[PDB]
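Novice: need a 3D model of the sequence below.
(one chain, ligands or ions: 1)
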Amino acid sequence: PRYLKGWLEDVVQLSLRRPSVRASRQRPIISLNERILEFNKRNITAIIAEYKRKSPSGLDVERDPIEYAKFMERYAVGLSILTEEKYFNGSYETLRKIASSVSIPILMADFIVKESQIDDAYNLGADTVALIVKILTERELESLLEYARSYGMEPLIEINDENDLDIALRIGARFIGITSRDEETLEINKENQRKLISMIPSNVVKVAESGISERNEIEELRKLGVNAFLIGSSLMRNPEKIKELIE
Ligand SMILES: [Zn+2]
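Specialist: Residues are numbered from 1 along each chain as shown. Pasting the structure now:
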C-alpha cells in the first residue's frame, strides 16, 4: 500500500494483518452497478444504504444490523456494510449475517490492501467491494481490480482528488465512487466532488458518497450525471429518511 500518516496509516497496517475467513458461498453474485443502471432506466432514485456503527467523524450508535438491512431491502438499490473493526466497529460476522438475510446487492466497505480481503468478501456473501485509490499504488489497484473481477465482481473504485481520478480511469474503472470526504483529514469539499464528477465519462457508473442528508442535494447531483448515492450516517441515525430521499 501507500505510505500514509495518522489514522489511515494505522488502519492500513491493521488491514495487512486482518485474518481471513473460510466459508462456502451460497448465492451467485448479483451486480450492484447493473441494478443501479436499471433503477436509472426506471427513474427510481438509487440509494446504497450503509450500515456502520462508528466512524472517525464521530458516529457512535448501536442498531441491530438485520433489522436495519431488512428495512432497507424494500427501498435501497444495495447495501454497503462496513467491515473495518477499529474505527468503524464493523465485523465480518456483521457482513455474513446481513448477506444471509437480504436479496439485494451488497458492497463490502473496508480498507482492502491484500487479496485475502477480497476472498473474505466473496466467502461472506458480498457482491462487490470498494477499492480506495488513495491507499493503494497504481500497480496494486490494477491487480486487485482484476482479482475482484475474476470472482465476477465489479468493484467500486473510490476517488477524492484529480490524481485519484487519473489513476481510476487509466486502470479501466467502470464503477467509480466520488467521495466528498478526504479520509485523511475528514474535510468535506462538495465543489471538488462536483468537479470530479464532471470529468468522468458518461458510460462510467458514478456514485456520490459522503455527507448526503437531503433530497435537494440528491436531485442536483442526479442532474449532473450521478447514478447512485451512498448514504450512511443520516440513515443510521434515522432509517425512515430513505423513504423521503427516494421520493
Ligand atoms: Zn467509500
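Novice: which residue ranges of the chain form strands?
Specialist: For the chain, the strands defined by DSSP state E occupy 47-51, 78-82, 106-109, 128-132, 156-159, 175-179, 205-209, 228-231.
Novice: format these as a markdown table; extra columns: mean neighbour count and distance to the ion.
Specialist: No exception for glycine: its C-beta is placed from N, CA and C like everyone else's. Formatted as a markdown table, the strands of the chain follow (neighbours: other CB atoms under 10 Å; distance: least, CB to the ion, whole Å):
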| stretch | mean neighbour count | distance to the ion |
| --- | --- | --- |
| strand 47-51 | 26 | 8 |
| strand 78-82 | 27 | 8 |
| strand 106-109 | 28 | 6 |
| strand 128-132 | 26 | 5 |
| strand 156-159 | 26 | 5 |
| strand 175-179 | 26 | 5 |
| strand 205-209 | 24 | 5 |
| strand 228-231 | 26 | 6 |
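Novice: which parts of this protein are helices?
Specialist: Ranges of helices within the chain are 6-16, 32-41, 65-73, 92-99, 115-124, 138-150, 162-170, 190-198, 215-223, 233-237, 241-246, based on DSSP state H.
Novice: would you turn those into JSON lines with distance to residue 180 and mean neighbour count?
Specialist: JSON lines is the format used below for those (distance: least, CB to CB, whole Å; neighbours: other CB atoms under 10 Å):
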{"stretch": "helix 6-16", "distance to residue 180": "17", "mean neighbour count": "16"}
{"stretch": "helix 32-41", "distance to residue 180": "19", "mean neighbour count": "18"}
{"stretch": "helix 65-73", "distance to residue 180": "22", "mean neighbour count": "17"}
{"stretch": "helix 92-99", "distance to residue 180": "25", "mean neighbour count": "20"}
{"stretch": "helix 115-124", "distance to residue 180": "25", "mean neighbour count": "21"}
{"stretch": "helix 138-150", "distance to residue 180": "21", "mean neighbour count": "16"}
{"stretch": "helix 162-170", "distance to residue 180": "13", "mean neighbour count": "17"}
{"stretch": "helix 190-198", "distance to residue 180": "4", "mean neighbour count": "15"}
{"stretch": "helix 215-223", "distance to residue 180": "10", "mean neighbour count": "14"}
{"stretch": "helix 233-237", "distance to residue 180": "13", "mean neighbour count": "18"}
{"stretch": "helix 241-246", "distance to residue 180": "16", "mean neighbour count": "16"}
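Novice: in JSON lines, list those helices along with distance to the ion.
Specialist: Converted to JSON lines, the helices of the chain look like this (distance: least, CB to the ion, whole Å):
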{"stretch": "helix 6-16", "distance to the ion": "13"}
{"stretch": "helix 32-41", "distance to the ion": "13"}
{"stretch": "helix 65-73", "distance to the ion": "17"}
{"stretch": "helix 92-99", "distance to the ion": "15"}
{"stretch": "helix 115-124", "distance to the ion": "14"}
{"stretch": "helix 138-150", "distance to the ion": "14"}
{"stretch": "helix 162-170", "distance to the ion": "12"}
{"stretch": "helix 190-198", "distance to the ion": "12"}
{"stretch": "helix 215-223", "distance to the ion": "16"}
{"stretch": "helix 233-237", "distance to the ion": "12"}
{"stretch": "helix 241-246", "distance to the ion": "18"}
